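# Topology and contacts: notes
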Amino acid sequence: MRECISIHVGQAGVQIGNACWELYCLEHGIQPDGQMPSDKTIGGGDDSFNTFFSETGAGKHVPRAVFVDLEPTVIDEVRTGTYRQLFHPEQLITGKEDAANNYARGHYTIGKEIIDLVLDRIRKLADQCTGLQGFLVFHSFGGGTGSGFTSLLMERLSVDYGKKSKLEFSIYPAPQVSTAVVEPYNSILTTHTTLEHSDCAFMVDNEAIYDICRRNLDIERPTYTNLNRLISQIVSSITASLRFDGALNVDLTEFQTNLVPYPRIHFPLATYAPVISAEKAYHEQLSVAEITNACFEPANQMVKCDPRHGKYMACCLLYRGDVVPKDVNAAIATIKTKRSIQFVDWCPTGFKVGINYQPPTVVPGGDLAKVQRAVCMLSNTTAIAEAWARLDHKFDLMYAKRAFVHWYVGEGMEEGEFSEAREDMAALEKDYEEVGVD
Amino acid sequence: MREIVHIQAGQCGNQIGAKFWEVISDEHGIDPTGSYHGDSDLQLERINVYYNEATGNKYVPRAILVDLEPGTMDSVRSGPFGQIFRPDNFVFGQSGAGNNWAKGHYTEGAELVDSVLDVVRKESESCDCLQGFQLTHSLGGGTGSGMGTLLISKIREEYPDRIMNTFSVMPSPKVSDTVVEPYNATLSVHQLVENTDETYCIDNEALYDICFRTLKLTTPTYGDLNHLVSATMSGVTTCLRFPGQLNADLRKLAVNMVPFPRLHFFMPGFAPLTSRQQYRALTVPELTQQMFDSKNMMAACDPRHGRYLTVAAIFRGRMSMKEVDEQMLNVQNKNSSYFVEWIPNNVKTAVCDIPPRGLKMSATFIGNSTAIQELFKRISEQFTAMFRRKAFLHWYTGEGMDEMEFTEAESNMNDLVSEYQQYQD
Amino acid sequence: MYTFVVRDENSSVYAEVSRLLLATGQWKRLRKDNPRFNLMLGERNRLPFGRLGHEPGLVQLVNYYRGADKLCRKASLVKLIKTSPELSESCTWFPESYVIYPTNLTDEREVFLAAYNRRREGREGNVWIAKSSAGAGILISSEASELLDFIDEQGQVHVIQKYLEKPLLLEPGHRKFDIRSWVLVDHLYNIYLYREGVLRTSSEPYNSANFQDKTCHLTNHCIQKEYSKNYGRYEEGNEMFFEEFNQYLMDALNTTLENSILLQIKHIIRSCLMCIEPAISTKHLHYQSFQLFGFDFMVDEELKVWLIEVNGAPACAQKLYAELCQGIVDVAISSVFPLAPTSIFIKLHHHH
Amino acid sequence: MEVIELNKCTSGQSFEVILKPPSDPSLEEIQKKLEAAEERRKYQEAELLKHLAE
Ligand SMILES: Nc1nc2c(ncn2[C@@H]2O[C@H](COP(=O)(O)OP(=O)(O)OP(=O)(O)O)[C@@H](O)[C@H]2O)c(=O)[nH]1
Ligand SMILES: Nc1ncnc2c1ncn2[C@@H]1O[C@H](COP(=O)(O)OP(=O)(O)CP(=O)(O)O)[C@@H](O)[C@H]1O
Ligand SMILES: Nc1nc2c(ncn2[C@@H]2O[C@H](COP(=O)(O)OP(=O)(O)O)[C@@H](O)[C@H]2O)c(=O)[nH]1
Ligand SMILES: NC(=O)c1ccnc(NC2CC=CC2)c1
Ligand SMILES: [Ca+2]
Ligand SMILES: [Ca+2]
Ligand SMILES: [Ca+2]
Ligand SMILES: [Mg+2]
Ligand SMILES: [Mg+2]
Ligand SMILES: [Mg+2]
C-alpha cells in the first residue's frame, strides 16, 4: 500500500475538496465523525482506502489532505461544516487577506511568507506515509491563490519530493460563473511555471459543468454547490482505482504511463455519463452501449471542444456499477464503425478498461440520481488545444494594450514574465498542432 | 474581518457622509443610538466592515468627521443619527477654509492634519485586517478639496498598500458656491490621479438635472442632491456589506475594474428614478434599460460619447437571476459599439437579496468609461478661462502658492484628457 | 437585433448576404474582431472554429463546416472516396483517380502505372489529366512519362484522374462543358439543392487529337474569356442555364434534364454529404454550422454524370446572385435567427 | 479485436483491448526569483515615498 496526499489551494480548490471528501466518505462508508464500521483493522492496516485515509488508535479515519487559502472565509466553512470532525486544525491553513485575483500577489508577495509553513504541514503528512506516491493538487486557474500560490507550491514540491508524481485538477475560467476579468493572465501565468512540475492535469471548464447542470439537471442558475457536487463525481471516478481494489491505475505513476506519452501534453480530456436529474419522475436505465456511446458527445465533456478534428494518444474507460467486459467490447465495436476516432500513428489504437462493481454513490439530497451503471472516459486528444487557443487569444487582446499589467508589476513581477509565459503557450499550441494536424 | 475606515471632510463631505451613515444604518438595523433591531442575520454578517463593536452590543460607525469650521459638524452631532458617531472622531478647526484649496491643503488644513491622522491611526490599529479607506468630500470648496486631498497624500504615505476610494463631488457652474471652484477642482484632481485607487465622480449638475427633469422637483436642494448620493453610496457598497457568491475585498474589486493606474474615475448610476406612479412594480427589463440610460447617471457625461473599459452592476431584491443574466447580456449584445473589444467579459453582475428601504428591487451602476474625459474637459475649460487672466489668483498666492504650481495643475489634467483620448479610438 | 461579423472581404457570395442582412434593419454589423456576434462570415483558411460557442447567452452560427476540406481538396476527395465504404473504391460516378506526391517529398504512383499499363495493353483510351488544388496549371497527356515528369517539376500534392475522352458535345459548335450545382446545407443538415444551375461551356470545337491546346478541353470561366476566341458567340458569358439546356435536351435527344442528368446529380450530392455527416455534423455542438457548396459535374456522350470536384468557397453566376443569396437567409440564417414561395431549393431527404 | 491483460478481483476487473497496431529550479534559484521580486517592490515603494517626501 502507498499513500496519496491531497492538497487544496484557493477558494475553488477548498470547496471542490470539500465536495470530494464528502463523496469519498459516503463511498467508503465513513461517517462524519471519522468512524468506519466495515473497517475491522483498528488503528492501522494497508487497505486500498488507506491510500487516502490514515487511522488513529481511536478508530478515526482522517483524510490525507491539506487545505490552503490566503483568506480564512472559505476554509472556515470547513472548520464548522458537517465534516469538521474529520480534519484537525493543522490541515487547514488560512491567511488574512487573499491575492485579489492577482497571480503576482499569490506567487511572490503573499506566497513567499507562507510557503515554508505549508511545506511543514505537508511534511507532517508525508512523515506518516510509509511509501508516499505523490500529491493531488486541486485549484483554480483564475484565482490569485489558485494560480499564483499553486505554481510556487509545485516548484518547491519538485524539490522536497523529487521522485513523487503530481496530478492537477484545474478549473478552467468561465465567465458565466466569474466576476473577474484578469483570469486569462493568471491562467497563462500559472500554466507556464507549472507545466514542467505537473505529471498529469485534468482541466474542468466551469462553462461545461455549468451547461451540464442547466441541461441535464434543469438548474436555471446553478450555484457553486451544484457545480462542485458534479465535479466531485468525476474526480471520485478518476481516483476510485487508487482507493478500491483493482489493477488499472493502481498508483499515480500509471496515470502518466497510461495517458501521457509526451510530457508537455499531459492534459487529458474527461467525459462522464450518465448525468440524470434526481427530481426526475423515473429514468430509463441506460445500458453499457448507450452510456459508452455518450462518451463521444461534446455535451458531457469537462471541456467543450471537438475531438473528431483531433487525434487521440490514449484512452481509458473507467466503469462503475453493473458492467461486464462482454458488454464493453460490444459497445466499443459498434462505436468505431460510426465515429471519427483518429489515433496518432505512433500509438496503438486501443482502450484500457477498468470496471469497479460498486455503482456511483450519490449525495443524499443532492442533484444527481442513483444509476445502475456509469462510465468516465479519459482521452488525450489534440482537440483540447482549442481550450488554450481560446485562453491565449484573450491574453493577447489585453496584453497588446498592457491592460492590468501594473497590478502585477506592482507586486514585484517583471513585465517580461508575461511574454515569456505567452511564448511558452505558443510553443504548447504548436506541439498540439504538430501531433494532430496533417 | 476586512474593515473599512470612513473619512468625510468639509461641508459637502460631511453632509453626504452623514446621510450615507443614515442610509446604511437603517439597512443594517442600527438605530440612532447604536443598537441593533433588525430581523435578519444578513444585517450583521459583514457588519464589522463599517461599524466597530463597542460594549453592550453597541455598533459605532468607523468614520472620522473632519472640517475646518465647527458649523457643519455641529449639525451632524445634533442631527438624526448624530449621537451614533464616536465623540472623539470629531476633528475640526475654527478658522475655516474660505472655499480655498490653498488654505485646506497648505496653511489652515496643515495645522490640523496631524491630529486627524492620529485618529485614523487609532481606528486602523484596532482593525483585525484593514481593507482600505474611503473619503467623501467635494472638490470645489476649500476643506474637502484642499485638506481632503492633503489627507489622502498623507494616508498613502503611512498606508502605501491600502486601497483609497473616494466619492468626489465635481463642481458645475449651474450649482456653484464660488467662482474659484474650477481652481479647487483642478488641483484636487491631480492628487486623486496620483494617490487614489477609485474615485466615483459625481457632478452636481447631473444630480440637479435628475431632481429637476426626472424626479420633477421644482426647486431642488443640496439635501435632495445628497439623497441620490446616499442611495448610490449604499449601492456600490452592497457588495461589501452583504454576503453572496461575490466574496471580494476592496483590492480584488479594484483589480477587475482599473486596467490602467491613472484611469480610475468611475461614473455611478442608480435605478429606478421615479417621481411621486411610484408604487408601480418595476420589471427586470425596465431596471436594466434605465441603468444604462445616461440620464440615470451622475457624471453629466454622455456614455455614447466615449467607450466603456469595465462595468459593474449590482442588483438588489428578490428577482429571477436567470432573468438578470438574460437582460444584461441583452444590453451588451445590443450596444457592443460602446464597449472596448480588447477586454473580454468587461461587464459583471452581482445579485443581492436585500433591497433598499422601500423598493422591491433596484440597480446600481459603476462605469469605468472614457466618456468621463468630458468632465475634466469642462473643468479645464473653466480653469483656463480664468487662469489666462490670472483672475482670483490673489486668494491663493496670498496663502503661499505660485503661478507655476497652477500652470502645472493645468498641464497635469490636460495629460489626463490625452490619456482618456488614446483609449477611445 | 442580431449581430454578425465579416472576416472574408473577397467572398462575392456573402458580400450580398451582408448587404441583405443590413437591408432588413434587424441585423447589425460589427468589427471583424468583435466576439459578441450571432453570425460569422468567416475566412477561408485557418478559420478559428475553436473559439465559437463560448459567449454566454449568445447563440453563434458560422458559414463553414469544420472538416469540409476533406471534400473540397483534390487529393482529399480522392482519398475520401476510396477509403469510405459508403463510396467504396468501386464508385461508378467518380473518375478513376490517384493521388500523386512529387518525388521531392500515401502515394499511388505504382498503382497508377499498373492501371495505366493495363489500358495501354488493351488498346483502351489512355489519356489522363493532372491537376491540383494549388492551380489557378493542368496538363493533359496520353503518355505516362509526361504526366509524372510534370508533377515532379512542381512541389505540391497532385491527382491524376482519367480524362473523359468521350464528353457530351453541344450543337451547333461541337463543344465541351461542365455543370455547376449549388447545394446549401443548413444547421439541421438538410440538403437543399438550388433549382437553378449553370453550364460553363467552351466556345471552341472539341479536338481529341490535340491535348496541347487546352482551350477546347477546359471549361473554366476564366480560361474561355482569356485564351478562347469564340467567347460569347453562342450564349452570354459561356453560361447556359437550366431552361435553355432543358429545351435543347428535349429537341436533340428527346429527353429532359430531370430524367437524364438531375437525378444522378441529386444522388451524388446526397452520397457525398451523407458520407461525412457523422464527421462534420454540428447537431449537438456548442455552435452551429452551415455552408454553401459548388459541385462540378461532367456529362459524357452516354448521359452519365461524373464528379469533378467540390468547391468549399464557390462563386455564383451573375444572374442568380439575388435569388440564391435571398434563399440563404430564408433557410440558413433566418431559420436560426427569425425575423419580425415556392422554395427556390429542392430538399434531398435522407436518413440522418 | 483482441483482449489482453485481463485482471479480476472481487470489486471489479480491468483489461486492455487493441483494435489496430501502431505504424528544474533548485531551492537556491527559487529564493532568488522570490527575493528579486521583493527587491523590486521595496524599490518601487521607495520611489513613492521619495515622491511624497519631495
Ligand atoms: N467549479 C468551481 N469553480 C470555482 C469555485 N470557486 C471559485 N471558482 C472559480 O475560480 C475562479 C476564481 O478563483 P478563486 O478560487 O475564487 O480565487 P482564489 O483561489 O480564492 O484566490 P484569491 O484571488 O486570492 O481569492 C472563478 O473563475 C470561479 O469560477 C468552486 O467552488 N467550484
Ligand atoms: N477527368 C476529367 N475529364 C474531363 N475533363 C476534366 C477532368 N478533370 C477536369 N476536367 C476539366 O477541368 C475543369 C475543372 O478543373 P478543376 O475543377 O480540376 O480545376 P479548378 O478547381 O481550379 C476549376 P473550378 O474550382 O472552378 O471547378 C472542367 O471544366 C473539366 O472540363
Ligand atoms: N451634492 C452636494 N454638493 C455640495 C454640498 N455642499 C457643497 N457642495 C458643493 O461643493 C462645493 C463647495 O464645497 P464645500 O463643501 O463648501 O467645501 P468645504 O470648504 O470643505 O466645506 C460647491 O461646488 C457645491 O456645489 C452638498 O450638501 N451636497
Ligand atoms: N468598487 C468596485 O469596483 C465594486 C464594488 C462593488 N461591486 C462591484 N461589482 C460587483 C459585480 C459582481 C460582483 C462585484 C465593484
Ligand atoms: Ca484499518
Ligand atoms: Ca517533477
Ligand atoms: Ca492658525
Ligand atoms: Mg479567494
Ligand atoms: Mg460650503
Ligand atoms: Mg477549385
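Residues numbered from 1 in each chain as written, not as in the entry; some residues may be left out. Chains lettered and ligands numbered in written order. Part of a larger assembly, values for the part shown. Heavy atoms only, no water. Residues with missing side-chain atoms left out of burial classes, pairs and counts.

You'll find chain C entered in the PDB entry as Tubulin-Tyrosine Ligase, with Gallus gallus given as the organism.

The PDB entry annotates chain B as Tubulin beta-2B chain originating from Bos taurus. Its UniProt record, at the heading Cofactor, says of chain B: "Mg(2+)". What UniProt states about chain B under its Sequence similarities heading is, verbatim, "Belongs to the tubulin family." (UniProt positions renumbered as here; feature names shortened; annotations may be inferred.)

### As for the interface of chain A and chain D
Contact with chain A, which involves 40 residues of that partner, is made by 30 residues of chain D. Broken down residue by residue, the surface that chain A buries against chain D is led by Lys112(A), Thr349(A) and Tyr357(A), which jointly contribute 18%. Note that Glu38(D) and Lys112(A) form a salt bridge whose closest N and O atoms lie 3.8 Å from each other. Connecting chain A to chain D are 14 residue pairs in polar contact. A breakdown of the residues in the side of chain A that touches chain D according to their chemical character gives 17 nonpolar, twelve polar and eleven charged. Direction of pairing for strand β11 (residues 349–356) of chain A relative to strand β2 (residues 12–20) of chain D: antiparallel, over a ladder of eight bridges. In the strand pairing of β2(D), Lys352(A) is matched with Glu16(D). (Contact = heavy atoms within 4.5 Å. Buried area = accessible area lost by both parts, 1.4 Å probe. Salt bridge = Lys/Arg side-chain N within 4 Å of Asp/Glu carboxyl O. Polar contact = N/O pair within 3.5 Å; in protein donor to acceptor, adjacent residues only side chain to side chain. Nonpolar A, V, L, I, M, F, W, Y, C, P; charged D, E, K, R; others polar. Pairing = 2+ DSSP bridges. Helix = DSSP H or I, 4+ residues; strand = E, 2+ residues; numbered from the N terminus.)

### Looking at the domain arrangement of chain B
Residues and elements named next belong to chain B. Along its sequence, chain B is organised into domain 1 (1–259), domain 2 (260–371) and domain 3 (372–425). Between the C-alpha centres of domain 2 and domain 3 the distance comes to 31 Å. With 19 residues of domain 2 at the interface, the matching set in domain 3 holds eleven residues. Around 1400 Å² of area is buried between domain 2 and domain 3 when both sides are counted, 56% of it from carbon and sulfur atoms. If you sort the residues of domain 2 by the area they bury against domain 3, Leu 263, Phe 265 and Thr 370 come out on top, with a joint share of 39%. At the junction of domain 2 with domain 3, the criterion picks out one salt bridge. Among the salt bridges present, the one from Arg 262 reaches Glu 419, with a minimum N-O distance of 3.0 Å. Taken together, domain 2 and domain 3 are joined by ten residue pairs in polar contact. If you tally residues by element for the side of domain 2 that touches domain 3, the top one is strand β9 (residues 265–271), at three residues. Looking at side-chain class alone, the side of domain 2 that touches domain 3 contains eleven nonpolar, five polar and three charged residues. (Domains from an automatic or database assignment.)

### Looking at the site of ligand 4
Near ligand 4, the surroundings consist of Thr179(A), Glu198(B), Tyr200(B), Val236(B), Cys239(B), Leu253(B), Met257(B), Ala312(B), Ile314(B), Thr349(B) and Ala350(B). In this structure, ligand 4 is bordered by residues of chains A and B. Residue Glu198(B) places a side-chain N or O atom 3.0 Å away from a nitrogen atom belonging to ligand 4. A distance of 3.0 Å separates a nitrogen atom of ligand 4 from a polar side-chain atom of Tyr200(B). Here ligand 4, which alone exposes 380 Å², has 95% of that area covered by the protein. At the level of elements, β8 (198–203), α9 (222–241), β10 (308–317) and β11 (347–352) of chain B are the ones that each hand at least two residues to the shell around ligand 4. (Near = heavy atom within 4 Å. Areas by Shrake-Rupley, 256 points an atom, 1.4 Å probe, with all protein chains shown as cover.)

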